[PDB]
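What follows is the content of input_27.txt, which has compact mmCIF, C-alpha atoms and all ligand atoms:
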```txt
# COMPACT_ATOMS: atom_id res chain seq x y z
CA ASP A 30 98.53 126.07 67.45
CA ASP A 31 98.82 122.39 66.48
CA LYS A 32 102.48 121.74 67.30
CA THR A 33 101.70 122.89 70.84
CA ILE A 34 100.48 120.07 73.11
CA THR A 35 99.09 120.09 76.67
CA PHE A 36 100.56 117.42 78.93
CA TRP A 37 99.10 116.29 82.28
CA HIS A 38 100.93 114.11 84.82
CA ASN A 39 100.88 113.42 88.57
CA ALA A 40 104.54 113.73 89.60
CA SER A 41 104.48 115.73 92.84
CA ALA A 42 107.97 114.76 93.92
CA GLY A 43 110.54 117.33 92.78
CA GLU A 44 112.77 114.77 91.09
CA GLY A 45 109.85 113.24 89.21
CA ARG A 46 108.52 116.67 88.33
CA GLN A 47 111.99 117.71 87.12
CA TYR A 48 112.35 114.60 84.93
CA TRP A 49 109.26 115.56 82.94
CA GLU A 50 110.48 119.13 82.38
CA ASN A 51 113.73 117.67 81.08
CA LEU A 52 112.00 115.20 78.76
CA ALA A 53 109.86 118.05 77.48
CA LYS A 54 112.83 120.30 76.74
CA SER A 55 114.90 117.60 75.08
CA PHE A 56 111.85 116.63 73.02
CA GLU A 57 111.37 120.19 71.76
CA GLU A 58 115.00 120.05 70.70
CA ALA A 59 114.43 116.99 68.51
CA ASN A 60 111.12 118.43 67.32
CA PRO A 61 111.46 122.00 65.92
CA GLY A 62 108.41 124.24 66.25
CA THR A 63 106.94 122.11 69.06
CA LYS A 64 106.19 123.28 72.61
CA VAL A 65 105.08 120.99 75.50
CA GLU A 66 102.89 122.85 78.04
CA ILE A 67 102.99 120.94 81.35
CA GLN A 68 100.49 120.63 84.21
CA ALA A 69 101.54 118.64 87.24
CA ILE A 70 98.47 117.59 89.21
CA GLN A 71 98.40 116.08 92.70
CA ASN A 72 97.24 112.45 92.39
CA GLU A 73 94.18 112.76 94.61
CA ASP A 74 92.94 115.54 92.31
CA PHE A 75 93.81 113.93 89.02
CA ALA A 76 90.67 111.88 88.27
CA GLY A 77 88.37 114.81 88.92
CA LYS A 78 90.23 117.25 86.72
CA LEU A 79 90.64 114.75 83.93
CA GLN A 80 87.03 113.62 83.98
CA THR A 81 85.88 117.24 83.95
CA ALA A 82 88.25 118.46 81.23
CA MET A 83 87.63 115.50 78.94
CA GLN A 84 83.89 116.19 78.87
CA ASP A 85 84.99 118.51 76.06
CA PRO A 86 87.95 116.72 74.37
CA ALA A 87 88.66 119.79 72.18
CA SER A 88 89.59 121.89 75.25
CA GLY A 89 91.34 119.15 77.18
CA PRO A 90 94.87 117.77 77.60
CA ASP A 91 96.51 116.32 74.52
CA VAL A 92 98.50 113.87 76.66
CA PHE A 93 97.53 112.59 80.13
CA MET A 94 98.26 109.89 82.70
CA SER A 95 95.75 107.07 82.68
CA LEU A 96 93.46 106.27 85.59
CA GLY A 97 93.97 102.58 84.73
CA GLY A 98 91.83 99.44 84.55
CA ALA A 99 88.07 99.88 84.35
CA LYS A 100 88.58 103.61 84.79
CA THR A 101 90.53 103.75 81.53
CA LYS A 102 87.75 101.61 80.00
CA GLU A 103 85.14 104.17 81.08
CA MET A 104 87.09 106.86 79.20
CA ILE A 105 87.47 104.79 76.04
CA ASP A 106 83.66 104.13 75.98
CA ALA A 107 83.19 107.88 76.32
CA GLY A 108 85.45 108.38 73.32
CA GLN A 109 88.02 110.27 75.40
CA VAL A 110 91.02 108.08 74.50
CA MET A 111 92.66 107.72 71.07
CA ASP A 112 93.47 104.22 69.73
CA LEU A 113 97.28 103.94 69.51
CA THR A 114 97.49 100.37 68.19
CA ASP A 115 98.92 101.37 64.80
CA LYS A 116 100.62 104.36 66.35
CA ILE A 117 103.02 103.16 69.05
CA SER A 118 106.65 102.72 67.99
CA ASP A 119 108.41 99.41 67.45
CA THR A 120 110.56 100.16 70.50
CA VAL A 121 107.43 100.37 72.62
CA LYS A 122 105.99 97.17 71.12
CA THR A 123 109.21 95.29 71.74
CA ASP A 124 110.34 96.59 75.14
CA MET A 125 106.92 96.92 76.81
CA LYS A 126 105.76 93.37 75.88
CA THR A 127 104.74 92.39 79.39
CA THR A 128 103.49 95.81 80.57
CA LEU A 129 101.38 96.80 77.50
CA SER A 130 98.52 94.43 78.44
CA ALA A 131 97.49 96.81 81.24
CA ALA A 132 96.79 99.32 78.45
CA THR A 133 95.13 96.88 76.08
CA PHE A 134 91.34 96.71 75.77
CA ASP A 135 89.42 94.65 73.14
CA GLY A 136 92.76 93.96 71.47
CA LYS A 137 93.56 97.71 71.13
CA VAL A 138 96.48 99.63 72.65
CA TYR A 139 95.49 102.89 74.34
CA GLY A 140 98.72 104.04 76.05
CA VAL A 141 102.49 103.85 76.58
CA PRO A 142 103.62 102.31 79.91
CA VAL A 143 106.38 104.10 81.85
CA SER A 144 106.48 101.99 85.00
CA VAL A 145 105.22 98.83 86.68
CA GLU A 146 104.47 99.09 90.37
CA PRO A 147 103.55 95.94 92.34
CA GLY A 148 102.39 96.28 95.94
CA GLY A 149 103.57 95.07 99.31
CA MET A 150 105.02 96.12 102.61
CA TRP A 151 107.66 98.82 102.93
CA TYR A 152 109.32 98.82 106.31
CA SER A 153 111.97 100.46 108.48
CA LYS A 154 114.48 97.67 109.14
CA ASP A 155 115.81 99.77 112.03
CA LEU A 156 112.49 100.18 113.85
CA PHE A 157 112.15 96.42 113.31
CA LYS A 158 115.44 95.65 115.09
CA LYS A 159 114.52 98.03 117.93
CA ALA A 160 111.31 96.03 118.55
CA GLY A 161 112.84 92.55 118.43
CA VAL A 162 111.67 91.47 114.99
CA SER A 163 114.58 89.77 113.27
CA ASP A 164 112.80 88.18 110.34
CA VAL A 165 109.99 89.48 108.16
CA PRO A 166 106.61 87.76 108.79
CA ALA A 167 105.62 85.12 106.26
CA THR A 168 102.12 84.98 107.76
CA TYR A 169 99.31 87.36 108.67
CA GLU A 170 99.15 86.28 112.34
CA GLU A 171 102.92 86.63 112.57
CA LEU A 172 102.55 90.16 111.17
CA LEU A 173 99.93 91.06 113.82
CA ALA A 174 102.41 89.80 116.41
CA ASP A 175 105.15 92.03 115.01
CA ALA A 176 102.67 94.91 115.32
CA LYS A 177 102.32 93.90 118.99
CA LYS A 178 106.13 94.02 119.46
CA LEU A 179 106.45 97.33 117.62
CA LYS A 180 103.65 98.93 119.62
CA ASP A 181 105.31 97.93 122.90
CA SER A 182 108.71 99.21 121.72
CA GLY A 183 106.93 102.58 121.55
CA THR A 184 106.44 103.12 117.81
CA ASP A 185 103.32 103.24 115.67
CA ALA A 186 103.59 99.89 113.89
CA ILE A 187 101.67 100.73 110.72
CA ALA A 188 101.31 104.07 108.93
CA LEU A 189 97.92 104.40 107.27
CA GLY A 190 96.87 107.21 104.92
CA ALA A 191 93.16 106.64 105.53
CA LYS A 192 92.12 110.24 104.70
CA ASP A 193 92.65 109.35 101.05
CA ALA A 194 90.45 106.15 101.33
CA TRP A 195 92.46 103.83 99.04
CA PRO A 196 95.46 103.43 101.35
CA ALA A 197 93.13 101.86 103.94
CA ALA A 198 91.39 99.75 101.31
CA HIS A 199 94.74 98.32 100.16
CA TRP A 200 94.74 96.25 103.36
CA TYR A 201 91.31 94.94 102.39
CA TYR A 202 92.29 94.29 98.76
CA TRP A 203 95.26 92.17 99.82
CA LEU A 204 93.22 90.22 102.37
CA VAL A 205 90.65 89.38 99.69
CA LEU A 206 93.37 88.35 97.25
CA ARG A 207 94.76 85.95 99.90
CA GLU A 208 91.34 84.66 101.06
CA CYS A 209 89.55 84.30 97.74
CA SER A 210 90.39 81.51 95.36
CA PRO A 211 91.84 82.86 92.11
CA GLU A 212 88.65 81.80 90.32
CA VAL A 213 86.24 83.39 92.77
CA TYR A 214 88.48 86.47 92.76
CA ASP A 215 88.73 86.87 88.99
CA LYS A 216 85.03 86.17 88.50
CA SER A 217 83.91 88.50 91.31
CA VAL A 218 85.97 91.33 89.81
CA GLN A 219 84.64 90.88 86.27
CA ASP A 220 81.01 90.08 87.19
CA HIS A 221 80.78 92.55 90.09
CA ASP A 222 79.56 89.68 92.24
CA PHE A 223 80.67 89.78 95.87
CA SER A 224 78.56 87.03 97.47
CA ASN A 225 81.36 84.66 98.42
CA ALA A 226 82.17 84.50 102.13
CA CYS A 227 85.82 85.31 101.41
CA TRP A 228 84.71 88.96 100.98
CA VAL A 229 83.39 89.05 104.55
CA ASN A 230 86.24 86.84 105.80
CA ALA A 231 88.67 89.46 104.55
CA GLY A 232 86.95 92.29 106.45
CA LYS A 233 86.91 90.22 109.63
CA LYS A 234 90.65 89.66 109.32
CA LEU A 235 90.81 93.45 108.84
CA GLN A 236 88.60 94.23 111.87
CA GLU A 237 91.07 92.14 113.88
CA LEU A 238 93.94 94.41 112.84
CA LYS A 239 91.84 97.47 113.69
CA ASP A 240 91.13 96.02 117.14
CA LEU A 241 94.88 95.79 117.82
CA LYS A 242 94.92 99.63 117.67
CA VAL A 243 98.36 99.72 116.00
CA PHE A 244 97.71 102.42 113.39
CA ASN A 245 99.12 105.92 113.72
CA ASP A 246 96.69 107.78 115.90
CA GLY A 247 95.49 110.32 113.32
CA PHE A 248 95.19 107.74 110.51
CA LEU A 249 91.72 109.00 109.64
CA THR A 250 93.10 112.48 108.87
CA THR A 251 96.39 111.24 107.45
CA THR A 252 96.77 111.55 103.65
CA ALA A 253 99.09 109.15 101.83
CA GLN A 254 101.62 111.34 100.04
CA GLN A 255 101.14 114.99 101.10
CA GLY A 256 103.50 116.45 103.67
CA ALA A 257 105.69 115.08 106.44
CA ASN A 258 102.67 113.82 108.38
CA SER A 259 101.30 111.94 105.37
CA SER A 260 101.64 108.20 105.78
CA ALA A 261 104.71 108.01 103.53
CA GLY A 262 106.04 110.98 105.52
CA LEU A 263 105.71 109.04 108.76
CA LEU A 264 107.52 106.05 107.30
CA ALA A 265 110.25 108.17 105.71
CA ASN A 266 110.92 109.95 109.01
CA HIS A 267 110.80 106.79 111.13
CA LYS A 268 107.69 107.94 113.01
CA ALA A 269 106.01 104.72 111.90
CA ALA A 270 107.42 101.28 111.11
CA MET A 271 105.71 100.07 107.90
CA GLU A 272 103.20 100.93 105.15
CA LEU A 273 101.28 98.89 102.52
CA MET A 274 101.79 100.46 99.09
CA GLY A 275 102.78 100.20 95.45
CA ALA A 276 106.37 100.27 94.23
CA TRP A 277 106.17 104.03 93.61
CA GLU A 278 107.00 104.06 97.32
CA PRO A 279 110.84 104.51 97.39
CA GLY A 280 110.65 107.59 95.14
CA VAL A 281 107.93 109.04 97.34
CA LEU A 282 109.87 108.39 100.54
CA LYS A 283 113.00 109.75 98.84
CA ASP A 284 111.11 113.00 98.44
CA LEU A 285 109.98 113.12 102.08
CA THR A 286 113.11 112.23 104.09
CA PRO A 287 114.90 115.12 105.89
CA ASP A 288 117.57 115.32 103.16
CA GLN A 289 115.50 114.14 100.19
CA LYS A 290 117.82 111.18 99.76
CA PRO A 291 116.61 107.57 99.75
CA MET A 292 115.44 106.13 103.06
CA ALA A 293 118.57 104.56 104.60
CA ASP A 294 116.92 101.45 106.08
CA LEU A 295 114.07 100.89 103.65
CA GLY A 296 113.17 97.25 103.25
CA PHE A 297 110.44 95.35 101.43
CA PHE A 298 108.52 92.12 102.02
CA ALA A 299 105.51 90.66 100.19
CA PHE A 300 102.09 90.70 101.74
CA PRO A 301 102.10 87.76 104.18
CA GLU A 302 100.22 84.51 103.63
CA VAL A 303 96.89 84.01 105.36
CA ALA A 304 96.05 80.77 107.18
CA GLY A 305 93.01 79.17 105.64
CA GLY A 306 93.06 81.52 102.68
CA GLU A 307 92.36 80.10 99.23
CA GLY A 308 94.41 82.66 97.30
CA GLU A 309 97.09 81.56 94.87
CA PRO A 310 100.15 82.01 97.10
CA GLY A 311 102.48 84.88 96.32
CA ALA A 312 99.83 86.30 93.99
CA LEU A 313 101.01 89.78 92.99
CA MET A 314 98.86 92.87 92.76
CA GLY A 315 99.95 96.32 91.58
CA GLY A 316 99.75 98.98 88.89
CA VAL A 317 100.99 100.10 85.51
CA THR A 318 101.29 103.79 84.77
CA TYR A 319 100.82 104.75 81.14
CA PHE A 320 99.93 107.81 79.07
CA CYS A 321 96.99 108.31 76.77
CA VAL A 322 96.45 110.64 73.83
CA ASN A 323 93.41 112.89 73.31
CA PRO A 324 91.39 111.60 70.31
CA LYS A 325 91.29 115.24 69.14
CA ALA A 326 95.11 115.47 69.14
CA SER A 327 97.81 115.72 66.47
CA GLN A 328 100.94 113.87 65.41
CA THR A 329 103.14 115.78 67.87
CA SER A 330 101.24 114.23 70.80
CA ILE A 331 101.85 110.77 69.29
CA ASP A 332 105.56 111.41 68.89
CA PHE A 333 105.70 112.62 72.48
CA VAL A 334 104.36 109.41 74.03
CA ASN A 335 106.63 107.28 71.82
CA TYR A 336 109.50 109.40 73.07
CA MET A 337 108.58 108.26 76.61
CA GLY A 338 109.17 104.63 75.66
CA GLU A 339 112.72 105.04 74.44
CA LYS A 340 115.27 103.20 76.57
CA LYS A 341 117.31 106.20 77.68
CA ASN A 342 114.15 108.09 78.64
CA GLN A 343 112.92 105.03 80.56
CA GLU A 344 116.28 104.48 82.30
CA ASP A 345 116.11 108.11 83.39
CA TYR A 346 112.55 107.47 84.58
CA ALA A 347 113.75 104.59 86.71
CA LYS A 348 116.37 106.79 88.43
CA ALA A 349 114.21 109.91 88.74
CA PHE A 350 111.18 108.09 90.17
CA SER A 351 113.11 105.28 91.97
CA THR A 352 110.79 102.74 90.37
CA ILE A 353 110.69 99.84 87.93
CA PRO A 354 110.51 101.20 84.36
CA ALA A 355 108.08 99.44 82.00
CA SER A 356 110.75 98.87 79.35
CA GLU A 357 112.39 95.50 80.03
CA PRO A 358 115.94 96.49 78.92
CA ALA A 359 115.76 99.72 80.97
CA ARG A 360 115.34 97.66 84.16
CA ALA A 361 119.05 96.83 84.03
CA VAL A 362 119.59 100.28 85.59
CA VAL A 363 117.67 99.45 88.80
CA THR A 364 120.09 99.28 91.74
CA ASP A 365 117.81 99.53 94.81
CA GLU A 366 117.79 96.30 96.83
CA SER A 367 114.06 96.58 97.58
CA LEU A 368 113.13 97.09 93.93
CA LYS A 369 115.46 94.22 93.05
CA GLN A 370 113.44 91.88 95.27
CA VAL A 371 110.23 93.15 93.71
CA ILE A 372 111.53 92.56 90.19
CA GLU A 373 112.36 88.99 91.25
CA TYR A 374 108.82 88.46 92.61
CA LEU A 375 107.57 90.13 89.43
CA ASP A 376 109.64 87.95 87.07
CA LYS A 377 108.26 84.71 88.57
CA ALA A 378 104.61 85.75 88.82
CA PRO A 379 101.87 83.87 86.92
CA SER A 380 100.05 87.20 86.67
CA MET A 381 99.44 90.49 88.40
CA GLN A 382 96.01 91.82 89.40
CA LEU A 383 95.55 95.57 88.98
CA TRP A 384 94.53 97.56 92.03
CA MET A 385 91.08 96.43 93.11
CA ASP A 386 89.41 99.83 92.95
CA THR A 387 91.00 100.39 89.57
CA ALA A 388 89.75 96.99 88.43
CA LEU A 389 86.19 97.66 89.65
CA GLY A 390 85.75 101.17 88.23
CA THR A 391 84.71 104.55 89.70
CA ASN A 392 81.39 103.82 91.46
CA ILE A 393 82.41 100.53 92.97
CA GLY A 394 86.00 101.52 93.69
CA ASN A 395 84.82 104.65 95.51
CA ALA A 396 82.02 103.01 97.49
CA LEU A 397 84.43 100.27 98.53
CA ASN A 398 87.29 102.57 99.61
CA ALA A 399 84.77 104.66 101.55
CA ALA A 400 83.19 101.70 103.37
CA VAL A 401 86.52 100.25 104.44
CA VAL A 402 87.23 103.62 105.98
CA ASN A 403 83.80 103.52 107.67
CA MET A 404 84.47 100.23 109.36
CA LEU A 405 87.95 101.27 110.47
CA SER A 406 86.42 104.31 112.12
CA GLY A 407 83.91 102.07 113.88
CA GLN A 408 80.92 103.09 111.76
CA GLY A 409 80.60 99.96 109.65
CA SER A 410 81.18 96.22 109.47
CA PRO A 411 82.77 93.69 107.11
CA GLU A 412 79.24 93.06 105.84
CA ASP A 413 78.76 96.77 105.17
CA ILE A 414 81.73 96.81 102.81
CA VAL A 415 80.17 94.08 100.67
CA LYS A 416 76.76 95.81 100.83
CA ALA A 417 78.29 99.05 99.57
CA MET A 418 79.99 97.45 96.57
CA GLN A 419 76.81 95.54 95.66
CA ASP A 420 74.77 98.72 95.93
CA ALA A 421 77.08 100.75 93.67
CA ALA A 422 77.30 97.85 91.23
CA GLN A 423 73.60 98.28 90.33
CA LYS A 424 74.61 101.30 88.27
CA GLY A 425 76.91 99.26 85.99
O1 LIG B 501 93.08 104.44 93.44
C1 LIG B 501 94.35 104.23 93.95
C2 LIG B 501 95.38 105.05 93.22
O2 LIG B 501 95.08 106.41 93.20
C3 LIG B 501 96.86 104.86 93.37
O3 LIG B 501 97.51 105.80 92.50
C4 LIG B 501 98.88 105.69 92.57
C5 LIG B 501 99.28 106.42 93.83
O4 LIG B 501 100.43 107.16 93.94
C6 LIG B 501 101.13 107.64 92.84
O5 LIG B 501 102.54 107.75 93.10
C7 LIG B 501 103.03 108.92 92.53
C8 LIG B 501 104.39 108.62 91.94
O6 LIG B 501 105.28 109.62 91.62
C9 LIG B 501 105.38 110.72 92.47
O7 LIG B 501 105.98 111.78 91.82
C10 LIG B 501 104.01 111.09 92.93
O8 LIG B 501 104.06 112.28 93.64
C11 LIG B 501 103.02 110.08 93.50
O9 LIG B 501 101.75 110.64 93.65
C12 LIG B 501 100.85 106.78 91.65
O10 LIG B 501 101.54 107.22 90.54
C13 LIG B 501 99.44 106.32 91.32
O11 LIG B 501 99.40 105.44 90.24
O12 LIG B 501 97.15 103.51 93.18
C14 LIG B 501 96.29 102.59 93.76
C15 LIG B 501 94.78 102.79 93.79
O13 LIG B 501 94.25 102.04 94.83
```
Written as structure tokens, how would this file's structure read?
Amino acid sequence: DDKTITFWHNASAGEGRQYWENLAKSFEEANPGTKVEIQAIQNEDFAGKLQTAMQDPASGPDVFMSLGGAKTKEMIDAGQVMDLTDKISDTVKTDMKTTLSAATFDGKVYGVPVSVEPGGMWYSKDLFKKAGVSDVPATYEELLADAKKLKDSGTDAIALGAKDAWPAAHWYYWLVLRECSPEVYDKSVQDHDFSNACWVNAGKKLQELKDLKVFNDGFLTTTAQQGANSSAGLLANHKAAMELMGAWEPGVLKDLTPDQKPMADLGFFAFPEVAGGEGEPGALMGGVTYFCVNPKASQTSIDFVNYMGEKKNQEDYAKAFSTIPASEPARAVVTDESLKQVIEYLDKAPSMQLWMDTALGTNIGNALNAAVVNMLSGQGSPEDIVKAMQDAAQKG
């Protein structure tokens, strides 16, 4: 049938997963004859299943979460993403003013944003007190010192989900964004040119952290979001003191604590500044989640994504996922002190870079994430990270 749409998302948390069921049901109630068939896919599996299914758009999801950045661009150029410019509602246009640019390519809108998720450090204030760290580090060297204190106090300072590749790389991305001048950064990302010494500088500053041996001991086999021993699991259960992640974090932790209630002592601080770095200071980096429509899909699919953008649905989103909703007026409903800081940092930001691997596309993103892991496991150098990106870049 044509009033029956297939919907793919990545909410693994029960609350998040529940929210979508509820939106589906209450959408069927305002849309007679229409049934939403849901697939919830674990995030680390999502790209593969999407990129396989959408080889044949006819037999693929009507509505799906976007991979973002260059990865969304790859799907557009494959004709796997419907143009929603003349199709989004006026409520979307108005309330997602800021966020919609993440979904805009060649002046065309390809999706509806549901959240904006900038990155930084999520930490156990308690484990911080127990190690003698009273203030959050404004500098990289200061941070490495706090790792020294935390290691001595007998806790793993930093949880690292290196088994998934990207969580490791996030350290590298942030170092680059603090080392590279905004112009070298922006140009490197667009031109796939990585010759500047700030790319190697960054890895060196990362090697230094590795040498301090302050990661959780199984970081190489630790996933990011799966199970109690995942890196978010370790943070949520106070087995590790901090993690570097996007603002989806509180809702993930909330799903992994012993009682599935928010983490009592969760705190946030921006990525520290780096001495001698040329990065625009306080430069934000993060993500925007949005949903795309199959080009082979019908009006019901369109009405579904517009339904996502409505303020009540977005306010619910914010509470279900413990995140910042895309819709500006829905953000009023955000009560979490950590998210409140992040919104502040967000509100006064000149810009926000998308995740680096997202910005660089599949080949380069993957090669990069993999090489950072290589050097953290002692089988690679800062130079090898650059080499890998350059090599993958030859494909386009
Ligand atoms: O390539 C990297 C990405 O894959 C990464 O994806 C984000 C990671 O985690 C996701 O958080 C989910 C939020 O809601 C819960 O219900 C889920 O269970 C989590 O999986 C997130 O939505 C993705 O956008 O971001 C950064 C890249 O480096």
Output, as AutoDock Vina command-line options, the centre and edge lengths in Å (one decimal) of the axis-aligned box that contains all listed atoms of ligand LIG 501 (chain B) with 8 Å of margin on each side.
```
--center_x 99.5 --center_y 107.2 --center_z 92.5 --size_x 28.9 --size_y 26.2 --size_z 20.6
```
Could I get the residues of range 92-176 of chain A with an atom no further than 12 Å from an atom of range 187-193 of chain A, each paired with its nearest atom pair and that distance in Å to one decimal, using all atoms listed in the file, sorted by chain and residue number, as a Markdown table?
```
| residue | atom | partner | partner_atom | distance |
| --- | --- | --- | --- | --- |
| A:150 | CA | A:187 | CA | 9.9 |
| A:151 | CA | A:187 | CA | 10.0 |
| A:152 | CA | A:187 | CA | 9.0 |
| A:153 | CA | A:187 | CA | 10.5 |
| A:156 | CA | A:187 | CA | 11.3 |
| A:157 | CA | A:187 | CA | 11.6 |
| A:172 | CA | A:187 | CA | 10.6 |
| A:173 | CA | A:187 | CA | 10.3 |
| A:175 | CA | A:187 | CA | 10.3 |
| A:176 | CA | A:187 | CA | 7.5 |
```
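Picture a line from CA of residue 98 in chain A to CA of residue 329 in chain A; it runs 25.9 Å.
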Contacts of chain A with ligand LIG 501 (chain B) up to 7 Å, shortest pair per row, only C-alpha atoms and all ligand atoms, as a tab-separated table:
```
residue	atom	partner	partner_atom	distance
A:39	CA	B:LIG501	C10	5.9
A:40	CA	B:LIG501	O7	3.3
A:41	CA	B:LIG501	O8	3.6
A:42	CA	B:LIG501	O7	4.2
A:45	CA	B:LIG501	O7	4.9
A:46	CA	B:LIG501	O7	6.5
A:71	CA	B:LIG501	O9	6.5
A:72	CA	B:LIG501	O9	5.0
A:73	CA	B:LIG501	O2	6.6
A:195	CA	B:LIG501	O13	4.9
A:196	CA	B:LIG501	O13	6.8
A:199	CA	B:LIG501	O13	6.5
A:254	CA	B:LIG501	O9	6.4
A:275	CA	B:LIG501	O12	6.9
A:277	CA	B:LIG501	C8	5.2
A:280	CA	B:LIG501	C9	6.7
A:281	CA	B:LIG501	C9	5.7
A:316	CA	B:LIG501	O11	6.6
A:318	CA	B:LIG501	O11	6.0
A:350	CA	B:LIG501	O6	6.3
A:384	CA	B:LIG501	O13	5.3
A:385	CA	B:LIG501	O13	6.7
A:386	CA	B:LIG501	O13	5.6
A:387	CA	B:LIG501	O1	6.0
```
Nearest to residue 168 in chain A among A:32, A:310, A:273, A:112, with distances taken over only C-alpha atoms: which residue is it? A:310
Extract, using only C-alpha atoms, all DNA, RNA and protein residues at most 9 Å from residue 391 in chain A, discarding same-chain residues fewer than 5 positions from it, and format them as a ChimeraX atom specification. /A:99-100,103,386,396
Closest atom pairs, range 233-330 of chain A residues within 10 Å of range 357-379 of chain A, all atoms listed in the file, as a Markdown table:
```
| residue | atom | partner | partner_atom | distance |
| --- | --- | --- | --- | --- |
| A:276 | CA | A:368 | CA | 7.5 |
| A:277 | CA | A:368 | CA | 9.8 |
| A:278 | CA | A:368 | CA | 9.9 |
| A:279 | CA | A:368 | CA | 8.5 |
| A:291 | CA | A:365 | CA | 9.5 |
| A:295 | CA | A:367 | CA | 7.4 |
| A:296 | CA | A:367 | CA | 5.8 |
| A:297 | CA | A:367 | CA | 5.4 |
| A:298 | CA | A:370 | CA | 8.4 |
| A:299 | CA | A:371 | CA | 8.4 |
| A:309 | CA | A:379 | CA | 9.6 |
| A:311 | CA | A:378 | CA | 7.8 |
| A:312 | CA | A:378 | CA | 7.1 |
| A:313 | CA | A:378 | CA | 6.8 |
| A:314 | CA | A:375 | CA | 9.7 |
```
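For the atom pair formed by CA of residue 305 in chain A and CA of residue 397 in chain A, the distance is 23.9 Å, given to one decimal.
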Please provide the set of residues having any atom within 6 Å of range 332-345 of chain A, restricted to only C-alpha atoms, with same-chain residues fewer than 6 positions apart removed, written as a PyMOL selection string. chain A and resi 118+121+354+359
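For the pair CA of residue 304 in chain A and CA of residue 402 in chain A, the separation is 24.5 Å.
Residue nearest residue 260 in chain A within the list A:282, A:404, A:125, A:388: A:282 [criterion: smallest interatomic distance, all atoms listed in the file].
Closest to residue 170 in chain A among A:300, A:67, A:271, A:75 is A:300, based on all atoms listed in the file.
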Within 9 Å of residue 244 in chain A, counting only C-alpha atoms, which residues qualify if same-chain residues fewer than 3 places away don't, as a PyMOL selection string? chain A and resi 185-189+238-239+241+247-248+269
Report as a PyMOL selection string all protein, DNA and RNA residues lying within 10 Å of residue 62 in chain A, evaluated on only C-alpha atoms, omitting residues in the same chain fewer than 4 positions from it. chain A and resi 31-33+57-58
Output range 285-294 of chain A with N, CA, C and O atoms present, as a short mmCIF file (atom, residue, chain, number, x, y, z; two decimals), in the coordinates of the input.
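Below is the file selection.cif, written as the result:
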```cif
data_model
loop_
_atom_site.label_atom_id
_atom_site.label_comp_id
_atom_site.auth_asym_id
_atom_site.auth_seq_id
_atom_site.Cartn_x
_atom_site.Cartn_y
_atom_site.Cartn_z
N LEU A 285 110.56 112.72 100.80
CA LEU A 285 109.98 113.12 102.08
C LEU A 285 110.94 112.97 103.28
O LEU A 285 110.62 113.40 104.40
N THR A 286 112.10 112.36 103.05
CA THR A 286 113.11 112.23 104.09
C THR A 286 113.72 113.61 104.33
O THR A 286 113.67 114.47 103.45
N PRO A 287 114.31 113.82 105.52
CA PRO A 287 114.90 115.12 105.89
C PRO A 287 115.90 115.70 104.87
O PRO A 287 116.05 116.92 104.78
N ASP A 288 116.57 114.85 104.11
CA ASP A 288 117.57 115.32 103.16
C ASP A 288 117.18 115.06 101.70
O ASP A 288 117.97 115.30 100.79
N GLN A 289 115.96 114.57 101.50
CA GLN A 289 115.50 114.14 100.19
C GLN A 289 116.48 113.21 99.49
O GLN A 289 116.77 113.37 98.31
N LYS A 290 116.97 112.24 100.26
CA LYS A 290 117.82 111.18 99.76
C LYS A 290 117.06 109.93 100.12
O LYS A 290 116.20 109.99 101.00
N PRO A 291 117.34 108.81 99.44
CA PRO A 291 116.61 107.57 99.75
C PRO A 291 116.63 107.24 101.24
O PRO A 291 117.56 107.62 101.98
N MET A 292 115.57 106.57 101.68
CA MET A 292 115.44 106.13 103.06
C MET A 292 116.50 105.07 103.38
O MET A 292 116.47 103.97 102.81
N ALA A 293 117.43 105.42 104.27
CA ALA A 293 118.57 104.56 104.60
C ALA A 293 118.24 103.08 104.86
O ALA A 293 118.91 102.19 104.34
N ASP A 294 117.20 102.82 105.65
CA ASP A 294 116.92 101.45 106.08
C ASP A 294 115.66 100.86 105.47
O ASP A 294 115.05 99.96 106.05
#
```
